[PDB]
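Everything below concerns the one structure shown next.
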Amino acid sequence: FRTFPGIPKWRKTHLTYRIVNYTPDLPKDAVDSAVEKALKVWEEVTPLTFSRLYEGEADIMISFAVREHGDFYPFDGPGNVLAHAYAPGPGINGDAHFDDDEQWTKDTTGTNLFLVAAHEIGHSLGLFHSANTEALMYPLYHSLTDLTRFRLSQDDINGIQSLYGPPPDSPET
Ligand SMILES: COc1ccc(S(=O)(=O)N(Cc2cccnc2)[C@@H](C(=O)NO)C(C)C)cc1
Ligand SMILES: [Ca+2]
Ligand SMILES: [Ca+2]
Ligand SMILES: [Zn+2]
Ligand SMILES: [Zn+2]
């Protein structure tokens with residue numbers, strides 16, 4: 001149970017995301033922060049590039065929501081299901097979303113803003129689940145969204161690094 005050895009999530013070299021998440025516990029820049037710490041968490045672990053927007057749909061639509069998606073990935077603030085994103089497909093080709101029934105903070109005041117941010121941005125354009133005992137995919141049950149360590153480990157860095165990585169030679173198509 002971990003990254004898919006032989007199936008890279010995104011292949012392009014320029015991904016983009018949409019900051020559709022937000023909360024009183026995090027103003028635009030704060031929720032956008034987790035979208036920036038998450039996005040950057042994997043944008044830095046890999047050489048891939050990333051852009052942003054707020055219309056149509058980027059590569060990782062980061063949006064806030066709860067038990068009310070329609071008939072699938074049902075959230076539940078009042079439940080371990082803190083957040084999640086989608087996989088490579090049609091529009092769900094990268095889309096994260098933060099629970100909207102509890103709260104998200106960069107520090108340890110609400111939940112784990114960028115923690116679950118790189119968790120979902122890491123989910124679609126990052127990896128599956130690396131040794132997050134230190135990484136970002138398993139800190140949630142603790143504190144590390146901004147306090148004084150807030151960052152990914154070498155195992156999630158490994159999974160995402162397995163996502164993108166250094167170029168072999170062909171600099172362009
Ligand atoms: C920062 O690392 C983590 C982020 C989010 C979660 S989660 O939201 O609790 N959850 C994992 C999980 C919940 C309940 C039982 N077992 C695992 C999300 C998740 O990890 N999404 O990528 C589930 C609901 C998809 C935990 C750690
Ligand atoms: Ca929940
Ligand atoms: Ca997408
Ligand atoms: Zn959702
Ligand atoms: Zn996960």
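Order determines the names: the first chain of the structure tokens is A, the second B, and so forth; residues in each chain are numbered 1 upward, and ligands are numbered 1 upward as they are shown.
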For this session: Run DSSP on the backbone and grab whatever in stretch 34-140 of chain A lands in strand (DSSP E or B); send it over as a list in words.
Result: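 Result set for stretch 34-140 of chain A (strand (DSSP E or B)): residues 49, 50, 51, 52, 53, 60, 61, 62, 63, 64, 65, 83, 84, 85, 96, 97, 98 and 99 of chain A.
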Written selection (N, CA and C atoms) as a short mmCIF file (atom, residue, chain, number, x, y, z; two decimals), in the first residue's frame:
```
data_model
loop_
_atom_site.label_atom_id
_atom_site.label_comp_id
_atom_site.auth_asym_id
_atom_site.auth_seq_id
_atom_site.Cartn_x
_atom_site.Cartn_y
_atom_site.Cartn_z
N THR A 49 6.56 22.10 -12.45
CA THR A 49 6.19 23.52 -12.19
C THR A 49 4.70 23.59 -11.83
N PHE A 50 4.23 24.72 -11.38
CA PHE A 50 2.79 24.82 -11.02
C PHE A 50 2.27 26.25 -11.20
N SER A 51 1.03 26.38 -11.59
CA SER A 51 0.42 27.73 -11.77
C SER A 51 -0.85 27.79 -10.92
N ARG A 52 -1.61 28.84 -11.00
CA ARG A 52 -2.85 28.90 -10.18
C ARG A 52 -3.95 29.68 -10.89
N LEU A 53 -5.16 29.54 -10.42
CA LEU A 53 -6.30 30.26 -11.05
C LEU A 53 -7.50 30.23 -10.10
N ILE A 60 -5.34 20.76 -9.88
CA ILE A 60 -5.74 20.28 -8.51
C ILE A 60 -6.75 21.27 -7.93
N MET A 61 -8.00 21.12 -8.27
CA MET A 61 -9.02 22.07 -7.73
C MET A 61 -9.10 21.89 -6.21
N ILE A 62 -8.44 22.73 -5.46
CA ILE A 62 -8.51 22.60 -3.98
C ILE A 62 -9.78 23.29 -3.50
N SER A 63 -10.75 22.56 -3.01
CA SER A 63 -12.00 23.24 -2.57
C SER A 63 -12.46 22.75 -1.20
N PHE A 64 -13.17 23.58 -0.49
CA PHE A 64 -13.67 23.17 0.85
C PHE A 64 -15.05 22.52 0.72
N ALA A 65 -15.32 21.50 1.48
CA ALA A 65 -16.66 20.83 1.38
C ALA A 65 -16.87 19.84 2.53
N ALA A 83 -9.54 15.14 4.85
CA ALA A 83 -9.59 15.76 3.49
C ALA A 83 -9.15 14.78 2.39
N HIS A 84 -9.15 15.19 1.15
CA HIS A 84 -8.70 14.24 0.08
C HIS A 84 -8.79 14.88 -1.30
N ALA A 85 -8.19 14.26 -2.29
CA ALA A 85 -8.23 14.82 -3.66
C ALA A 85 -8.63 13.72 -4.66
N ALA A 96 -8.30 18.62 -4.89
CA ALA A 96 -8.26 18.31 -3.44
C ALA A 96 -9.38 19.05 -2.75
N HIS A 97 -9.68 18.70 -1.54
CA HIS A 97 -10.75 19.41 -0.84
C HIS A 97 -10.58 19.23 0.67
N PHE A 98 -10.71 20.31 1.38
CA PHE A 98 -10.56 20.30 2.87
C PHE A 98 -11.92 20.13 3.55
N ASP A 99 -12.00 19.31 4.57
CA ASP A 99 -13.30 19.17 5.27
C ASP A 99 -13.82 20.56 5.63
#
```
For this session: For stretch 111-124 of chain A, list every protein, DNA or RNA residue within 6 Å, evaluated using only C-alpha atoms, and leave out those in the same chain fewer than 4 positions away; present the list as a VMD selection string.
Result: chain A and resid 34 to 35 37 to 39 84 to 87 94 96 103 to 106 128 137 145
For the selection you just gave me, I'd like the residues written to a file as a PDB file, in the first residue's frame, keeping C-alpha atoms.
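So selection.pdb came out as:
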```pdb
ATOM      1  CA  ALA A  34      -2.200  25.342   2.679  1.00  0.00           C
ATOM      2  CA  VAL A  35      -2.828  25.306  -1.053  1.00  0.00           C
ATOM      3  CA  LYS A  37       2.345  24.953   1.210  1.00  0.00           C
ATOM      4  CA  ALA A  38       0.743  21.796  -0.148  1.00  0.00           C
ATOM      5  CA  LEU A  39       1.257  22.766  -3.775  1.00  0.00           C
ATOM      6  CA  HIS A  84      -8.697  14.245   0.080  1.00  0.00           C
ATOM      7  CA  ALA A  85      -8.233  14.815  -3.658  1.00  0.00           C
ATOM      8  CA  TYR A  86      -8.910  12.919  -6.925  1.00  0.00           C
ATOM      9  CA  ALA A  87      -6.757  11.007  -9.439  1.00  0.00           C
ATOM     10  CA  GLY A  94      -6.260  16.431  -9.693  1.00  0.00           C
ATOM     11  CA  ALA A  96      -8.260  18.310  -3.442  1.00  0.00           C
ATOM     12  CA  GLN A 103     -11.562  23.829  10.744  1.00  0.00           C
ATOM     13  CA  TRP A 104      -8.047  24.166   9.343  1.00  0.00           C
ATOM     14  CA  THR A 105      -5.119  26.127  10.802  1.00  0.00           C
ATOM     15  CA  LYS A 106      -1.523  26.454   9.678  1.00  0.00           C
ATOM     16  CA  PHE A 128      -0.167   7.763  -2.432  1.00  0.00           C
ATOM     17  CA  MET A 137       0.554  11.823   4.895  1.00  0.00           C
ATOM     18  CA  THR A 145       0.912  22.295   9.706  1.00  0.00           C
TER      19      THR A 145
END
```
Exercise. For ligand 3, which residue out of A:13, A:88, A:27, A:152 is the nearest one, using only C-alpha atoms and all ligand atoms?
Worked result: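 Among A:13, A:88, A:27, A:152, it is A:88 that comes nearest to ligand 3.
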Problem set entry | Contacts of residue A:57 within 10 Å, only C-alpha atoms, excl. fewer than 5 positions in-chain, as a PyMOL selection string | chain A and resi 16-18+52+62+91-95
For this session: Fewer than 5 positions away in the same chain doesn't count, so skip those; otherwise give me all residues within 12 Å of residue A:80, counting only C-alpha atoms, as a list in words.
Result: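 Contacts, with the query itself left out: residues 74, 75, 99, 101, 102, 111, 116, 138, 140 and 141 of chain A.
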Problem set entry | Residues flagged helix (DSSP H, G or I) by DSSP in chain A, as an MDAnalysis selection string | chainID A and resid 28:45 113:125 154:163
Written selection (N, CA and C atoms) as a compact mmCIF listing (two decimals), in the first residue's frame:
```
# COMPACT_ATOMS: atom_id res chain seq x y z
N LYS A 28 -8.45 34.21 3.02
CA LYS A 28 -8.02 33.84 1.64
C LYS A 28 -6.59 33.31 1.67
N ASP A 29 -5.66 34.16 2.01
CA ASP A 29 -4.23 33.76 2.01
C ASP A 29 -3.95 32.58 2.95
N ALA A 30 -4.73 32.37 3.98
CA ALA A 30 -4.44 31.24 4.89
C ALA A 30 -4.85 29.92 4.21
N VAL A 31 -6.10 29.77 3.87
CA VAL A 31 -6.50 28.52 3.17
C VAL A 31 -5.66 28.43 1.90
N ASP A 32 -5.52 29.55 1.24
CA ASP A 32 -4.67 29.59 0.03
C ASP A 32 -3.28 29.18 0.47
N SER A 33 -2.95 29.48 1.70
CA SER A 33 -1.63 29.10 2.23
C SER A 33 -1.48 27.59 2.10
N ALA A 34 -2.29 26.83 2.78
CA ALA A 34 -2.20 25.34 2.68
C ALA A 34 -2.16 24.92 1.22
N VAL A 35 -2.83 25.64 0.39
CA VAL A 35 -2.83 25.31 -1.05
C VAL A 35 -1.46 25.68 -1.61
N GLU A 36 -0.82 26.60 -0.95
CA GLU A 36 0.52 27.06 -1.39
C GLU A 36 1.60 26.21 -0.71
N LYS A 37 1.35 25.79 0.50
CA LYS A 37 2.35 24.95 1.21
C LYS A 37 2.20 23.55 0.67
N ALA A 38 0.99 23.14 0.44
CA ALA A 38 0.74 21.80 -0.15
C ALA A 38 1.32 21.80 -1.55
N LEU A 39 0.78 22.66 -2.37
CA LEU A 39 1.26 22.77 -3.78
C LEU A 39 2.77 22.87 -3.79
N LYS A 40 3.30 23.73 -2.97
CA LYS A 40 4.78 23.92 -2.96
C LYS A 40 5.45 22.69 -2.36
N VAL A 41 4.82 22.08 -1.42
CA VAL A 41 5.41 20.88 -0.80
C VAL A 41 5.75 19.90 -1.91
N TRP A 42 4.86 19.71 -2.84
CA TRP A 42 5.16 18.74 -3.93
C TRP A 42 5.80 19.46 -5.12
N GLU A 43 5.62 20.74 -5.24
CA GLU A 43 6.23 21.47 -6.37
C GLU A 43 7.72 21.54 -6.11
N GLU A 44 8.08 21.52 -4.87
CA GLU A 44 9.51 21.58 -4.52
C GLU A 44 10.08 20.17 -4.48
N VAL A 45 9.38 19.25 -3.87
CA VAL A 45 9.92 17.87 -3.82
C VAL A 45 10.18 17.40 -5.26
N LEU A 113 -4.01 22.93 8.51
CA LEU A 113 -4.11 23.60 7.18
C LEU A 113 -3.19 22.93 6.14
N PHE A 114 -2.03 23.47 5.93
CA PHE A 114 -1.11 22.90 4.90
C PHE A 114 -0.82 21.42 5.18
N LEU A 115 -1.02 20.95 6.37
CA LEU A 115 -0.75 19.51 6.58
C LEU A 115 -1.66 18.74 5.65
N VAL A 116 -2.94 18.87 5.84
CA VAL A 116 -3.90 18.18 4.97
C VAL A 116 -3.89 18.84 3.59
N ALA A 117 -3.21 19.94 3.46
CA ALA A 117 -3.15 20.59 2.13
C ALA A 117 -2.17 19.79 1.30
N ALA A 118 -0.94 19.67 1.73
CA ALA A 118 -0.01 18.85 0.97
C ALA A 118 -0.52 17.44 1.04
N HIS A 119 -1.42 17.17 1.94
CA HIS A 119 -1.97 15.80 1.98
C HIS A 119 -2.81 15.59 0.71
N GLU A 120 -3.68 16.51 0.40
CA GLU A 120 -4.52 16.37 -0.82
C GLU A 120 -3.73 16.79 -2.08
N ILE A 121 -3.04 17.90 -2.05
CA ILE A 121 -2.26 18.31 -3.24
C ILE A 121 -1.23 17.23 -3.47
N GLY A 122 -0.81 16.64 -2.40
CA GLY A 122 0.17 15.53 -2.48
C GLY A 122 -0.55 14.29 -2.96
N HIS A 123 -1.79 14.19 -2.61
CA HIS A 123 -2.59 13.01 -3.04
C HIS A 123 -2.68 12.93 -4.56
N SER A 124 -3.04 14.01 -5.20
CA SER A 124 -3.20 13.97 -6.69
C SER A 124 -1.88 14.23 -7.42
N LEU A 125 -1.20 15.29 -7.11
CA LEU A 125 0.09 15.59 -7.83
C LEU A 125 1.29 15.28 -6.94
N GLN A 154 11.04 12.50 4.15
CA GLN A 154 11.80 11.97 2.99
C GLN A 154 11.04 10.82 2.34
N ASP A 155 10.03 10.31 2.99
CA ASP A 155 9.27 9.22 2.39
C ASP A 155 8.23 9.82 1.46
N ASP A 156 7.49 10.82 1.90
CA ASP A 156 6.52 11.42 0.95
C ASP A 156 7.34 12.10 -0.13
N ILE A 157 8.46 12.69 0.24
CA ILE A 157 9.33 13.32 -0.78
C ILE A 157 9.71 12.22 -1.77
N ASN A 158 9.88 11.04 -1.27
CA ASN A 158 10.24 9.89 -2.15
C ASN A 158 9.06 9.57 -3.07
N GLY A 159 7.89 9.42 -2.52
CA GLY A 159 6.70 9.11 -3.37
C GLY A 159 6.54 10.18 -4.46
N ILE A 160 6.46 11.43 -4.07
CA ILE A 160 6.28 12.49 -5.09
C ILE A 160 7.50 12.52 -6.01
N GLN A 161 8.67 12.43 -5.45
CA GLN A 161 9.88 12.41 -6.30
C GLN A 161 9.70 11.30 -7.32
N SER A 162 8.99 10.26 -6.94
CA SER A 162 8.73 9.15 -7.89
C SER A 162 7.66 9.63 -8.87
N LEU A 163 6.90 10.61 -8.47
CA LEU A 163 5.85 11.16 -9.36
C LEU A 163 6.56 11.84 -10.52
```
For this session: Give me, please, the distance in Å between atom CA of residue A:109 and atom 13 (C, counted along the ligand's line) of ligand 1, quoted to one decimal.
Result: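 Those two atoms sit 19.4 Å apart.
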